[PDB]
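Participant: these are from a larger complex, still in place; more later:
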Amino acid sequence: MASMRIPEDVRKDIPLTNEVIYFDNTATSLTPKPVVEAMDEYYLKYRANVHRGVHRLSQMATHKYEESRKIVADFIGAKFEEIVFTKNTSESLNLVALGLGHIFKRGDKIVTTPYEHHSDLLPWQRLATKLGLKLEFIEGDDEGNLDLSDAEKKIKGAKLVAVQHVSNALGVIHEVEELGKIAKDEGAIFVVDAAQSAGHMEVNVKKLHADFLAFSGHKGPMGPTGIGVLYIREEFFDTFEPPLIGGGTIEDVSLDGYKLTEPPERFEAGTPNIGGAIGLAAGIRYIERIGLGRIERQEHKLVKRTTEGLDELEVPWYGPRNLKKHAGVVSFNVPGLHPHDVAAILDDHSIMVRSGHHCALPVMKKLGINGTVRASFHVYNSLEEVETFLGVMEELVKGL
């Protein structure tokens, strides 16, 4: 944290900030020039494959790649070797299902939240349907709040528990420390989908009691696309069956068979996205120079004014009224308009917002609604942007 000005100093580094009001941060973040500069120095000044090749470019590439992995480890409070690069969260999550499927005896149980993004349920659905498991969901309200007692009940007996850290559609910050304690207490394996928290707030494997953790570099960490992370705790290195296998993943091969290498290269099949990982590390550097603390507060501040303003205007919004449990995402609807129409109207005013089911149709169904419109923030978003949003919403609403 090098004391400098929020949001302006971050805005200085993101040209799109002068062009549009970008409230679509849960879809993906905007990307600061230093993140793109860090990638461009890889591609133009030390371009090479890794795997400890002798020549000097590959030394650099390899150094830079392992630096990236250490930075990603430290960001999340893990050990170097516990970190696996993937293309995205979704890959990471599918890898947990495909990795561990051999452990599951028929009639074993898995438990998750009802609010999951599609990539943290239907891998668990496929696996259940395939193996004859019981897939159980813990109760909670329309506001997003989990029934913790029902959790303590439903988690009793489970071989595995999978939960989102924050919901991409409601903005619920679930109480995953409590949820983790409870899974640890009850023996179960705890897998945490941290896609919408990573980069926006503290995600630490120790505090969260996590055995598996997934996030995407293109969201809150301000990294490029094509770079996810999968955390695998040391404990599971001799249970977890590498789903992807090939180049970079062995110490000897023959036409007969194979013998695998150590983590983390055990789980990384082929040429990794070295460019992406270096981009990702620059994002995390960018983030920890700002401070998770300062990012939290900005976001919280934009949510408070957004929610007050929408209250003033007779516009209903979803997720926790208790803003301590509300991430930098506010979903909402204008009665009389479809969400896609609200979002086209905002787009006409250069305000970017998502509309539809947000890859979380179950949520939409639990609320009895045909989609929502979604404004989501990051630290580079400003109160002026919010105000000009509430302005057009106001013109919108009293045009009905």
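Facilitator: Happy to help now that I have it. Numbers count the residues shown, from 1 in each chain, chains lettered A, B, ... in the order given.

Participant: so which residues of the stretch 1-150 of chain A form strands?
Facilitator: A:21-22, A:83-86, A:109-112, A:134-137 (DSSP state E, counting those that start in this stretch).

Participant: report the central residue of chain A.
Facilitator: Against the mean C-alpha coordinate of chain A, by CA atoms, centre = their mean, the closest residue is residue A:195 at 0.7 Å.

Participant: that residue touches residue A:117, doesn't it?
Facilitator: Yes - counting by CB atoms under 8 Å, residue A:117 is a contact partner of residue A:195 at 7.0 Å. C-beta coordinates here come from the backbone N, C-alpha and C atoms, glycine included.

Participant: now do the shared contacts for these two.
Facilitator: Any residue near both residue A:195 and residue A:117 by CB atoms under 8 Å, 6 or more residues apart in numbering counts here, and that gives A:164, A:168.

Participant: what's the closest non-adjacent residue to the residue nearest to the centre of chain A?
Facilitator: Closest residue to residue A:195 apart from its sequence neighbours, by CB to CB, 6 or more residues apart in numbering: residue A:89 at 4.4 Å.

Participant: contacting residues for residue A:142?
Facilitator: Per CB under 8 Å, 6+ apart, neighbours of residue A:142: A:318, A:366-367.

Participant: by neighbours, which of the residues you listed wins?
Facilitator: residue A:318 (23 neighbours; other CB atoms under 10 Å).

Participant: just the helices in the stretch 51-200 of chain A please.
Facilitator: Along the stretch 51-200 of chain A, counting by DSSP state H, counting those that start in this stretch, helices occupy A:56-76, A:89-100, A:122-131, A:148-154, A:176-185.

Participant: any idea how far the last one is from the chain center?
Facilitator: Going by CA atoms, centre = their mean, to the nearest Å, the spacing between the C-alpha centre of helix A:176-185 and its chain's C-alpha centre is 20 Å.

Participant: just checking, what packs against it?
Facilitator: helix A:148-154, strand A:160-164, strand A:189-193 (3 or more CB pairs under 8 Å, 6 or more residues apart in numbering; DSSP states H and E).

Participant: let's have these in CSV, adding distance to residue A:65.
Facilitator: CSV is the format used below for the helices and strands packed on helix A:176-185 (distance: least, CB to CB, whole Å):
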stretch, distance to residue A:65
helix A:148-154, 39
strand A:160-164, 29
strand A:189-193, 25
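
Participant: domains of chain A?
Facilitator: A:1-25+A:291-400, A:32-290 (curated CATH domains).

Participant: throw chain B on there as well:
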Amino acid sequence: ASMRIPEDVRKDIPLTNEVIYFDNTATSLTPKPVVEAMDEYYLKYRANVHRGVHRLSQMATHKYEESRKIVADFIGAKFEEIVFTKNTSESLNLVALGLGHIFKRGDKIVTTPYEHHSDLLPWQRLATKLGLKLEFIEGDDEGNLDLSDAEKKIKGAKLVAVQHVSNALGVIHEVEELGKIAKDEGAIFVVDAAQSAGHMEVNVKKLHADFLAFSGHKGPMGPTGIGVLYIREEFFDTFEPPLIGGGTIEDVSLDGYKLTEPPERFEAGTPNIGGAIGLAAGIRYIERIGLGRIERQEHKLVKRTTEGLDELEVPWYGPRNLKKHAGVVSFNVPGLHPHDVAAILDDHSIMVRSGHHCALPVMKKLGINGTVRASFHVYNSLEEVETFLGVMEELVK
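Facilitator: So, slotting chain B in with the rest:
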């Protein structure tokens, strides 16, 4: 077509001024214009994807669709047969898992003996696991396949998996012929095109390909983290997606899921939008040059390299027939371990790989310590080969 001097091309690659990069089968050097294409996504139209209403997502989606269409045309495939992955090895692994459900114990798979671990281990595991017959087509130590032994091994296998080119030796296997055999015998044909893809013509129809994998960071002069899996139209109701979730569905509930149409059915999560656009920029850059001109320039490099090594009497490997030798030449200095040779070349600003090369039954085949590999692309020049021979001369004394 069209319209330029090789080797320049060099003009777009600053590193070409600092070093002689002869490590192209590992990864390619990347032209400024490809990086420029990615930079405008990240700085001028950054967004997902999934036809979202705002103009950035419109632009990004349009450009991502464009990207897929360009890849499709590059290999003569249809839009919806192209799935994006992180690399070749994901693509091949995805083929293993994507139709493991069609095999039964005692069904046979056939490969080449050479042969990248990424086009081997997912077949070795899938055989051990389901109790399958795994059989290797015969070839000599130059790497030329016996096409007679091909004809008797393809009859009657469920699938055939071959390199288009070896990354150790540089053989171009005669895959239009292997595809014909597989087709005639009714095997599913999978082609690992990780070494052919931006150096020579690769065309799914000509190849009789049912599945095809390649990597953007190699020959297509694209970024890292982007790979392609071609799935022919005929396997859409057979092939099950091993990765599923966001972007993969028509409807979902707590009860279950219904999947979407291809290609998006096989693409889970936010794709690497950046890499896709970059890869498209790469193939655009390659098409502007011409694959025939790339083939010819690599061929000159290989001709002068090998005929110069003959001159120095250093042993080299792969087909003596240059028609059947890609832009890679593995060699060794008798009494020098390959890493020392590579260390010495590096000291002269010459980048080159050494070791087993994620190949290995080749390093046994063909029993030897390992090999030093110089590999090429269109931006490499004769004068660079010439100076490489010069330090080889000095080293041989």
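
Participant: picking that back up, shouldn't the residue nearest to the centre of chain A be in contact with residue A:167?
Facilitator: No - if you go by CB under 8 Å, residue A:195 and residue A:167 don't touch, sitting 10.2 Å apart.

Participant: so for those two, which residues contact both of them?
Facilitator: Common neighbours of residue A:195 and residue A:167 (criterion: CB atoms under 8 Å, 6 or more residues apart in numbering or on different chains): residue A:117.

Participant: coming back round to it: state the distance from the residue nearest to the centre of chain A to residue A:119.
Facilitator: When distance is defined by CB to CB, to the nearest Å, residue A:195 is 8 Å away from residue A:119.

Participant: okay, and the common contacts of the two?
Facilitator: For the pair residue A:195 and residue A:119, residues contacting each of them under the criterion CB under 8 Å, 6+ apart are residue A:89.

Participant: now the phi/psi pair for the residue lying closest to residue A:349 once chain neighbours are set aside, please.
Facilitator: Spatially, and ignoring its direct neighbours in sequence, residue A:349 is nearest to residue A:392 (4.7 Å; CB to CB, 6 or more residues apart in numbering or on different chains). Main-chain dihedrals, residue A:392, degrees, to the nearest 10: phi -70, psi -40.

Participant: next, count neighbours for residue A:392.
Facilitator: 16 (other CB atoms under 10 Å in any protein chain shown).

Participant: show me what contacts it?
Facilitator: For residue A:392, the contact set (CB under 8 Å, 6+ apart) comprises A:345-346, A:349, A:351.

Participant: swap in residue A:365?
Facilitator: So residue A:365 contacts B:253-254 (CB under 8 Å, 6+ apart).

Participant: could you do the one 5 residues further on as well?
Facilitator: Remark: with contacts taken as CB under 8 Å, 6+ apart, residue A:370 is in contact with A:338-339, A:364.

Participant: which one (most neighbours) among these?
Facilitator: Neighbour counts for these (other CB under 10 Å) peak at residue A:339, which has 24 neighbours.

Participant: thinking that residue is in contact with residue A:355, fair?
Facilitator: Yes - the pair residue A:339 / residue A:355 is scored as a contact, 3.7 Å apart, by CB under 8 Å.

Participant: now do the shared contacts for these two.
Facilitator: Joint contacts of residue A:339 and residue A:355 (CB under 8 Å, 6+ apart) are A:371-373.

Participant: what residues does the stretch 251-400 of chain A put near chain B?
Facilitator: A:252-255, A:257-258, A:269-276, A:340, A:343-344, A:346-347, A:352-356, A:359, A:361-362, A:365 (CB under 8 Å from any CB of the partner chain).
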